[PDB]
Amino acid sequence: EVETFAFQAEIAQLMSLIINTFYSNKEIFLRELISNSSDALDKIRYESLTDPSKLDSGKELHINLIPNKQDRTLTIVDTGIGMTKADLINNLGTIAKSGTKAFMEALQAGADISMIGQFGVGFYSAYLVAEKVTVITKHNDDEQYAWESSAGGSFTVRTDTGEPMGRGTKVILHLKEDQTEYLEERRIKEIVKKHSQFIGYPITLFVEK
Ligand SMILES: OCc1ccc(Oc2ccccc2)nc1
């Protein structure tokens with residue numbers, strides 16, 4: 001059972017801008033997704049300070065980076081607070097309408113795409129490198145769901161029957177054919193060291209063989 005939704009017009013506009021603007025500094029997508037993961041981990045940690053049972057779904061607070069050259073995917077896994085179905089539909093838990101408005105005003109006033117995270121819509125930088133993004137998520141208060149979009153104005157939401165995650169979010173980037181550098185260990189390490197040195201959670205880069 002798959003539900004198909006239209007993006008709000010302003011979010012479709014944001015994604016079109018990200019996909020169509022010539023902008024070479026694509027590597028910032030990883031900083032933005034890791035920052036979202038850190039924010040998610042902060043939220044479940046804060047909730048656990050007064051209610052330890054919030055961590056019954058998993059006590060470990062971490063971020064895993066999983067490249068897969070056979071599938072051409074880069075997956076960013078966190079064990080943060082996750083998102084409900086309602087969160088997924090409401091632009092992955094963002095205030096994306098007002099964030100997009102502020103972002104595009106900043107771009108016409110001299111900003112560049114790398115500042116996207118300052119406007120709370122950093123998730124959508126995934127489309128700098130991905131032709132399709134799948135988000136699997138599990139929040140303590142809801143069931144496990146899969147969101148997916150190849151842009152083009154629509155996204156789908158379905159109950160996920162895949163491997164149970166316990167709690168957290170998995171962002172699966174189906175990379176564009178010319179963006180496979182972001183599956184290479186030395187490239188991912190370089191980006192993490194450059195942009196994510198002060199993230200307060202362990203970031204484990206998985207290797208392949
Ligand atoms: O990288 C995009 C992304 C978006 C959301 C997300 O989970 C949450 C869920 C609730 C609050 C903060 C973060 N994790 C990754």
Side-chain angles (χ1 to χ4, degrees), residues 5 7 11 14-15 18 26-49 51 54-55 57-58 60-67 73-97 99-100 103 113-130 132-151 155-157 160 162 164-175 179 182 188 191-192 195-196 199-205:
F5 301 85
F7 288 111
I11 285 55
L14 171 72
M15 301 167 71
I18 289 169
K26 292 180 176 284
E27 72 189 44
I28 62 97
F29 81 91
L30 184 59
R31 174 188 69 197
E32 298 307 324
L33 295 174
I34 286 171
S35 169
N36 292 344
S37 289
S38 179
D39 291 344
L41 289 155
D42 288 353
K43 301 175 174 171
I44 188 63
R45 178 177 271 151
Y46 182 74
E47 270 182 14
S48 79
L49 295 182
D51 185 2
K54 298 260 174 180
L55 296 179
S57 43
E60 295 178 308
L61 299 183
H62 63 240
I63 304 174
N64 295 327
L65 307 178
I66 309 180
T73 58
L74 174 61
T75 300
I76 298 100
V77 186
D78 68 69
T79 52
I81 194 167
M83 310 163 269
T84 64
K85 188 186 185 196
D87 284 337
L88 284 174
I89 295 169
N90 271 282
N91 301 309
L92 302 110
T94 68
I95 51 167
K97 193 192 150 302
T100 296
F103 181 43
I113 282 158
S114 78
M115 307 169 60
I116 186 175
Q118 306 181 35
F119 304 94
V121 291
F123 166 76
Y124 297 97
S125 71
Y127 290 91
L128 292 170
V129 296
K132 180 171 94 192
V133 178
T134 305
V135 177
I136 318 294
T137 193
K138 174 68 174 72
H139 186 284
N140 284 335
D141 293 342
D142 211 347
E143 291 316 351
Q144 191 162 305
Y145 280 94
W147 176 107
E148 194 169 68
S149 180
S150 295
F155 63 92
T156 60
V157 175
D160 188 50
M165 332 165 44
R167 185 201 60 250
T169 296
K170 176 166 37 183
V171 175
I172 308 171
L173 308 174
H174 308 260
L175 293 180
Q179 302 301 325
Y182 301 107
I188 298 162
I191 297 166
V192 168
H195 295 295
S196 304
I199 294 297
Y201 298 98
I203 300 167
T204 297
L205 173 52

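All values below were derived from every heavy atom in this structure, side-chain atoms included, with hydrogens, water molecules and symmetry-related copies excluded. As the structure lists them, so they are numbered: ligands from 1, and atoms in each ligand from 1. Residue numbers count from 1 along this sequence.
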Contact check, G80 vs ligand 1, heavy-atom distance below 4.0 Å: no
Pair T84-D142, side-chain donor/acceptor within less than 3.5 Å: no
Ring centers of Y127, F29 separated by less than 6.0 Å: no
Proximity of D78 to ligand 1 by residue part, where a heavy atom lies under 4.0 Å: side chain
Heavy-atom nearest neighbour in the protein, as seen from atom 1 (O) of ligand 1, with distance rounded to 0.1 Å: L33 CD2, 3.0 Å
Distance filter under 4.0 Å to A40 heavy atoms, resulting ligand 1 atoms: 7 (O), 8 (C), 12 (C), 13 (C)
Residues forming a ring-ring contact (aromatic ring centres under 6.0 Å, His included) with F5, sequence neighbours excluded: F155
pair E148-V135: side-chain heavy atoms closer than 4.5 Å: no
For ligand 1, the portion of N36 having any non-hydrogen atom under 4.0 Å away: both
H195 versus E32, side-chain donor and acceptor atoms under 3.5 Å: no
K170 vs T137 side-chain heavy atoms within contact, under 4.5 Å: no
Close-contact set for ligand 1 against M83 heavy atoms, below 4.0 Å: 5 (C), 9 (C)
Atoms in ligand 1 with a heavy atom of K43 nearer than 4.0 Å: 11 (C), 12 (C)
Distance-only polar pair, side chains of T204 and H62, donor-acceptor under 3.5 Å: no
Proximal atoms of ligand 1 relative to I81 (non-hydrogen, under 4.0 Å): 9 (C), 10 (C), 11 (C)
Identity and separation of the nearest protein heavy atom to atom 6 (C) of ligand 1: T169 OG1, 3.9 Å
Passing option when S57 is tested against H139, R167, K138 for side chain to side chain donor-acceptor pair (under 3.5 Å): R167
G82 neighbourhood, listing ligand 1 atoms whose heavy-atom distance to it stays under 4.0 Å: 9 (C), 10 (C)
Per-atom contacts of ligand 1 with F123, taking only distances under 4.0 Å to non-hydrogen atoms: 2 (C)
